[PDB]
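Asks: Before I ask anything, let me first share the structure, which is written out below as structure tokens.
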Amino acid sequence: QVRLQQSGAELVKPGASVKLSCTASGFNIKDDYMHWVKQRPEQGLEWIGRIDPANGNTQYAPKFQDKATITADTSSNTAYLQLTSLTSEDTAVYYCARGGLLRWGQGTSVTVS
Amino acid sequence: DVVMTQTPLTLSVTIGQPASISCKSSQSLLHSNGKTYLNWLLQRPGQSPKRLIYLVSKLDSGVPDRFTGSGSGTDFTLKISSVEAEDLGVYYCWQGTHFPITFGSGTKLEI
Amino acid sequence: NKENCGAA
């Protein structure tokens, strides 16, 4: 069974920087595009960006070109999401997903206290 | 960016009744390559989102055929022939024709 | 089909 296992919830202070991970099981991430999506209870879903683990090419939604950094490691079959300068708004559930948002991870809940 | 407008926003219905959700985009989702990359997600309460429909009408694996996707260009519709307990949650349409990928604000289906 | 038919 294909699984997208994301790291545990992060509770952090305003101004810090977290790094979320997404370990894929049942497929090779280099055969797909790895996506990251942010969700807030009111504002909804927002596409953060996408990475090609085969070469490292990334594409970001302009709203996050500054904030997020998406990396991948094919050896551990894991994709990563790095977030800088977290503010109160960055409080959200962050999802990773394989190509075309076919399957999603359980999401990592970030809280900026 | 492509703005995805879903109507209605909330849908309170009786078990067994049909349902219909509209999804409108600000520009045509027919790609130059000849395919229309409009998709549908379902996110059950407490659950993570999951893709139900891709390429307007294609059902993903495991998705009941009670669901039917239709439409073209900028006007798309998701219909449920009969709402079950497993169909409750939030439905999101989203496009992958133009980047950045954008989502509709979601339609909450409940009883 | 790297995007699994979900996007261009």
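Chain labels run A, B, ... following the order of the structure tokens; each chain numbers its residues from 1, and ligands are numbered from 1 in the order shown.
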Taking only residues of chain C that have an atom at most 7 Å from an atom of chain B, what is each one's shortest atom pair and its distance in Å to one decimal, using only C-alpha atoms, in chain and number order, as JSON lines?

Replies:
{"residue": "C:5", "atom": "CA", "partner": "B:54", "partner_atom": "CA", "distance": 7.0}
{"residue": "C:6", "atom": "CA", "partner": "B:54", "partner_atom": "CA", "distance": 6.0}
{"residue": "C:7", "atom": "CA", "partner": "B:96", "partner_atom": "CA", "distance": 4.0}
{"residue": "C:8", "atom": "CA", "partner": "B:97", "partner_atom": "CA", "distance": 5.5}

Asks: Select residues of chain A: the criterion is any atom within 8 Å of an atom of chain C, counting only C-alpha atoms; output as a PDB file with N, CA, C and O atoms, in the first residue's frame.

Replies:
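selection-v6.pdb, written as the output of this step:
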ATOM      1  N   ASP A  31       9.836   9.218  -9.560  1.00  0.00           N
ATOM      2  CA  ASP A  31       8.908   8.900 -10.647  1.00  0.00           C
ATOM      3  C   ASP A  31       7.706   9.838 -10.654  1.00  0.00           C
ATOM      4  O   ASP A  31       6.894   9.813 -11.579  1.00  0.00           O
ATOM      5  N   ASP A  32       7.591  10.653  -9.612  1.00  0.00           N
ATOM      6  CA  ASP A  32       6.464  11.568  -9.467  1.00  0.00           C
ATOM      7  C   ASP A  32       6.915  13.008  -9.283  1.00  0.00           C
ATOM      8  O   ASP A  32       8.106  13.294  -9.179  1.00  0.00           O
ATOM      9  N   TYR A  33       5.946  13.911  -9.244  1.00  0.00           N
ATOM     10  CA  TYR A  33       6.175  15.244  -8.718  1.00  0.00           C
ATOM     11  C   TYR A  33       5.681  15.261  -7.277  1.00  0.00           C
ATOM     12  O   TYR A  33       4.574  14.802  -6.996  1.00  0.00           O
ATOM     13  N   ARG A  98       1.629  13.139  -3.705  1.00  0.00           N
ATOM     14  CA  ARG A  98       2.336  12.687  -4.892  1.00  0.00           C
ATOM     15  C   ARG A  98       1.783  13.381  -6.139  1.00  0.00           C
ATOM     16  O   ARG A  98       1.043  14.361  -6.030  1.00  0.00           O
ATOM     17  N   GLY A  99       2.156  12.882  -7.313  1.00  0.00           N
ATOM     18  CA  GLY A  99       1.804  13.520  -8.570  1.00  0.00           C
ATOM     19  C   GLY A  99       0.318  13.739  -8.779  1.00  0.00           C
ATOM     20  O   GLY A  99      -0.487  12.826  -8.593  1.00  0.00           O
ATOM     21  N   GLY A 100      -0.041  14.962  -9.163  1.00  0.00           N
ATOM     22  CA  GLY A 100      -1.421  15.321  -9.434  1.00  0.00           C
ATOM     23  C   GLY A 100      -2.319  15.269  -8.217  1.00  0.00           C
ATOM     24  O   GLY A 100      -3.537  15.122  -8.346  1.00  0.00           O
ATOM     25  N   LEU A 101      -1.711  15.388  -7.039  1.00  0.00           N
ATOM     26  CA  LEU A 101      -2.428  15.351  -5.768  1.00  0.00           C
ATOM     27  C   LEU A 101      -3.280  14.087  -5.641  1.00  0.00           C
ATOM     28  O   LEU A 101      -4.351  14.107  -5.031  1.00  0.00           O
ATOM     29  N   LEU A 102      -2.791  12.993  -6.220  1.00  0.00           N
ATOM     30  CA  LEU A 102      -3.492  11.708  -6.202  1.00  0.00           C
ATOM     31  C   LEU A 102      -3.680  11.170  -4.786  1.00  0.00           C
ATOM     32  O   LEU A 102      -4.789  10.809  -4.392  1.00  0.00           O
TER      33      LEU A 102
END

Asks: Could you pull out the residues in chain B that DSSP calls strand (DSSP E or B) from the backbone, as a VMD selection string?

Replies: chain B and resid 4 to 7 10 to 12 19 to 25 30 36 38 to 43 50 to 54 58 to 59 67 to 72 75 to 80 89 to 95 102 to 103 107 to 110

Asks: Give me a file of those residues, with C-alpha atoms, as a CSV table (one decimal), in the first residue's frame.

Replies:
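Generated output (again.csv):
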chain,number,residue,atom,x,y,z
B,4,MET,CA,-12.0,28.6,-8.8
B,5,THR,CA,-15.6,29.4,-7.6
B,6,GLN,CA,-17.7,26.6,-6.0
B,7,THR,CA,-21.4,26.7,-5.4
B,10,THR,CA,-22.5,24.3,2.2
B,11,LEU,CA,-24.9,21.4,1.5
B,12,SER,CA,-27.1,19.9,4.2
B,19,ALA,CA,-26.4,16.2,-4.7
B,20,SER,CA,-24.8,18.6,-7.2
B,21,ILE,CA,-21.8,20.9,-6.8
B,22,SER,CA,-20.8,23.6,-9.3
B,23,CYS,CA,-17.2,24.6,-10.1
B,24,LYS,CA,-16.5,27.7,-12.2
B,25,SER,CA,-13.0,28.9,-13.3
B,30,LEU,CA,-8.7,23.2,-21.7
B,36,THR,CA,-8.7,19.5,-19.4
B,38,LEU,CA,-9.9,19.8,-13.7
B,39,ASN,CA,-10.0,17.6,-10.6
B,40,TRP,CA,-12.2,16.9,-7.5
B,41,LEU,CA,-11.0,16.2,-4.0
B,42,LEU,CA,-12.9,14.8,-1.0
B,43,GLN,CA,-11.8,15.5,2.5
B,50,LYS,CA,-8.1,12.5,-1.5
B,51,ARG,CA,-8.6,12.8,-5.3
B,52,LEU,CA,-11.9,11.6,-6.5
B,53,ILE,CA,-12.1,12.8,-10.1
B,54,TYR,CA,-9.4,13.8,-12.7
B,58,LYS,CA,-12.3,10.0,-14.8
B,59,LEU,CA,-12.9,8.3,-11.4
B,67,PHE,CA,-20.0,10.0,-8.5
B,68,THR,CA,-20.0,11.5,-11.9
B,69,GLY,CA,-17.8,14.4,-13.2
B,70,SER,CA,-18.9,16.6,-16.2
B,71,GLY,CA,-18.4,19.9,-17.9
B,72,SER,CA,-16.1,21.7,-20.2
B,75,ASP,CA,-18.1,25.3,-16.2
B,76,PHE,CA,-17.9,22.0,-14.3
B,77,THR,CA,-20.2,19.9,-12.2
B,78,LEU,CA,-19.9,17.1,-9.6
B,79,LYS,CA,-23.0,15.0,-9.1
B,80,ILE,CA,-23.8,12.4,-6.5
B,89,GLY,CA,-17.1,16.1,4.2
B,90,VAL,CA,-15.7,18.9,2.1
B,91,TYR,CA,-15.4,18.7,-1.7
B,92,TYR,CA,-12.7,20.8,-3.5
B,93,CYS,CA,-12.4,21.3,-7.2
B,94,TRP,CA,-8.9,22.3,-8.4
B,95,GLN,CA,-7.2,23.0,-11.8
B,102,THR,CA,-5.5,26.7,-7.4
B,103,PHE,CA,-8.4,25.3,-5.4
B,107,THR,CA,-18.3,22.6,-0.5
B,108,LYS,CA,-19.3,21.2,2.9
B,109,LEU,CA,-21.6,18.2,2.6
B,110,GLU,CA,-23.4,17.2,5.8

Asks: Excluding residue 82 (chain A) and residues on its chain fewer than 3 positions from it, collect all residues at most 9 Å away from it, counting only C-alpha atoms, and give them as an MDAnalysis selection string.

Replies: chainID A and resid 17:21 67:71

Asks: Output the selection as a PDB file, in the first residue's frame - N, CA, C and O atoms for each residue.

Replies:
ATOM      1  N   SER A  17      12.087  28.667  12.595  1.00  0.00           N
ATOM      2  CA  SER A  17      11.971  28.039  11.281  1.00  0.00           C
ATOM      3  C   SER A  17      11.903  26.523  11.402  1.00  0.00           C
ATOM      4  O   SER A  17      12.823  25.891  11.916  1.00  0.00           O
ATOM      5  N   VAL A  18      10.810  25.942  10.921  1.00  0.00           N
ATOM      6  CA  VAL A  18      10.623  24.496  10.978  1.00  0.00           C
ATOM      7  C   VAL A  18      10.972  23.814   9.658  1.00  0.00           C
ATOM      8  O   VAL A  18      10.956  24.433   8.593  1.00  0.00           O
ATOM      9  N   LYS A  19      11.287  22.527   9.733  1.00  0.00           N
ATOM     10  CA  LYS A  19      11.527  21.745   8.530  1.00  0.00           C
ATOM     11  C   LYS A  19      10.730  20.449   8.575  1.00  0.00           C
ATOM     12  O   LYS A  19      11.031  19.546   9.357  1.00  0.00           O
ATOM     13  N   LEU A  20       9.708  20.368   7.731  1.00  0.00           N
ATOM     14  CA  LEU A  20       8.818  19.218   7.714  1.00  0.00           C
ATOM     15  C   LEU A  20       9.315  18.178   6.720  1.00  0.00           C
ATOM     16  O   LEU A  20       9.930  18.518   5.709  1.00  0.00           O
ATOM     17  N   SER A  21       9.049  16.910   7.012  1.00  0.00           N
ATOM     18  CA  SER A  21       9.484  15.830   6.140  1.00  0.00           C
ATOM     19  C   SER A  21       8.316  14.936   5.742  1.00  0.00           C
ATOM     20  O   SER A  21       7.324  14.822   6.463  1.00  0.00           O
ATOM     21  N   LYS A  67       8.923  32.240   1.358  1.00  0.00           N
ATOM     22  CA  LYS A  67       8.689  31.623   2.653  1.00  0.00           C
ATOM     23  C   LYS A  67       9.109  30.173   2.737  1.00  0.00           C
ATOM     24  O   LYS A  67       9.729  29.776   3.715  1.00  0.00           O
ATOM     25  N   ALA A  68       8.759  29.392   1.715  1.00  0.00           N
ATOM     26  CA  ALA A  68       8.941  27.941   1.727  1.00  0.00           C
ATOM     27  C   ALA A  68      10.130  27.546   0.882  1.00  0.00           C
ATOM     28  O   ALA A  68      10.450  28.215  -0.096  1.00  0.00           O
ATOM     29  N   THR A  69      10.780  26.459   1.270  1.00  0.00           N
ATOM     30  CA  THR A  69      11.845  25.870   0.482  1.00  0.00           C
ATOM     31  C   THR A  69      11.588  24.374   0.414  1.00  0.00           C
ATOM     32  O   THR A  69      11.545  23.705   1.444  1.00  0.00           O
ATOM     33  N   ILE A  70      11.390  23.858  -0.792  1.00  0.00           N
ATOM     34  CA  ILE A  70      11.087  22.444  -0.966  1.00  0.00           C
ATOM     35  C   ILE A  70      12.292  21.679  -1.492  1.00  0.00           C
ATOM     36  O   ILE A  70      12.836  22.006  -2.548  1.00  0.00           O
ATOM     37  N   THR A  71      12.702  20.657  -0.746  1.00  0.00           N
ATOM     38  CA  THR A  71      13.825  19.811  -1.131  1.00  0.00           C
ATOM     39  C   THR A  71      13.412  18.340  -1.122  1.00  0.00           C
ATOM     40  O   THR A  71      12.363  17.990  -0.580  1.00  0.00           O
TER      41      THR A  71
END

Asks: So, with only C-alpha atoms as the atoms that count, which of B:56, B:3, B:18, B:105 lies closest to chain A?

Replies: B:105

Asks: Hey, could you make a per-residue contact list for chain A against chain B with 10 Å as the cut-off, showing the nearest pair of atoms and its distance in Å to one decimal, counting only C-alpha atoms, sorted by chain and number, as a Markdown table?

Replies:
| residue | atom | partner | partner_atom | distance |
| --- | --- | --- | --- | --- |
| A:37 | CA | B:101 | CA | 9.9 |
| A:42 | CA | B:105 | CA | 9.0 |
| A:43 | CA | B:105 | CA | 7.7 |
| A:44 | CA | B:105 | CA | 5.9 |
| A:45 | CA | B:103 | CA | 6.4 |
| A:46 | CA | B:102 | CA | 6.9 |
| A:47 | CA | B:101 | CA | 6.0 |
| A:48 | CA | B:100 | CA | 8.7 |
| A:49 | CA | B:100 | CA | 8.0 |
| A:50 | CA | B:100 | CA | 9.8 |
| A:59 | CA | B:100 | CA | 8.6 |
| A:60 | CA | B:100 | CA | 7.5 |
| A:61 | CA | B:100 | CA | 5.4 |
| A:62 | CA | B:100 | CA | 8.0 |
| A:63 | CA | B:100 | CA | 9.9 |
| A:93 | CA | B:48 | CA | 9.8 |
| A:95 | CA | B:48 | CA | 8.2 |
| A:97 | CA | B:50 | CA | 9.5 |
| A:100 | CA | B:96 | CA | 7.8 |
| A:101 | CA | B:51 | CA | 6.7 |
| A:102 | CA | B:51 | CA | 5.3 |
| A:103 | CA | B:50 | CA | 5.9 |
| A:104 | CA | B:50 | CA | 6.4 |
| A:105 | CA | B:48 | CA | 6.9 |
| A:106 | CA | B:48 | CA | 5.6 |
| A:107 | CA | B:48 | CA | 7.0 |

Asks: Go ahead and save the picked residues with C-alpha atoms, as an mmCIF file, in the first residue's frame.

Replies:
data_model
loop_
_atom_site.group_PDB
_atom_site.id
_atom_site.type_symbol
_atom_site.label_atom_id
_atom_site.label_comp_id
_atom_site.auth_asym_id
_atom_site.auth_seq_id
_atom_site.Cartn_x
_atom_site.Cartn_y
_atom_site.Cartn_z
ATOM 1 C CA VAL A 37 -0.210 22.117 0.218
ATOM 2 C CA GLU A 42 -11.057 29.456 7.071
ATOM 3 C CA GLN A 43 -8.825 30.389 4.131
ATOM 4 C CA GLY A 44 -8.862 26.830 2.779
ATOM 5 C CA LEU A 45 -6.305 25.032 0.617
ATOM 6 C CA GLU A 46 -3.277 26.779 -0.880
ATOM 7 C CA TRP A 47 -0.759 25.154 -3.216
ATOM 8 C CA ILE A 48 2.716 25.848 -1.853
ATOM 9 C CA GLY A 49 4.783 24.316 -4.623
ATOM 10 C CA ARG A 50 6.178 21.245 -6.343
ATOM 11 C CA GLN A 59 8.121 25.502 -8.785
ATOM 12 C CA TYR A 60 6.492 27.754 -6.184
ATOM 13 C CA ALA A 61 3.252 29.675 -5.980
ATOM 14 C CA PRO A 62 4.386 33.348 -5.869
ATOM 15 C CA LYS A 63 2.882 33.685 -2.383
ATOM 16 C CA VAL A 93 -1.858 21.853 8.528
ATOM 17 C CA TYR A 95 0.217 18.325 3.425
ATOM 18 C CA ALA A 97 1.143 14.704 -1.921
ATOM 19 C CA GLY A 100 -1.421 15.321 -9.434
ATOM 20 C CA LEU A 101 -2.428 15.351 -5.768
ATOM 21 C CA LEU A 102 -3.492 11.708 -6.202
ATOM 22 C CA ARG A 103 -2.657 10.674 -2.640
ATOM 23 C CA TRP A 104 -1.956 12.840 0.403
ATOM 24 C CA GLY A 105 -0.090 12.458 3.678
ATOM 25 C CA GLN A 106 -1.796 12.691 7.063
ATOM 26 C CA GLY A 107 -0.522 16.264 7.262
#
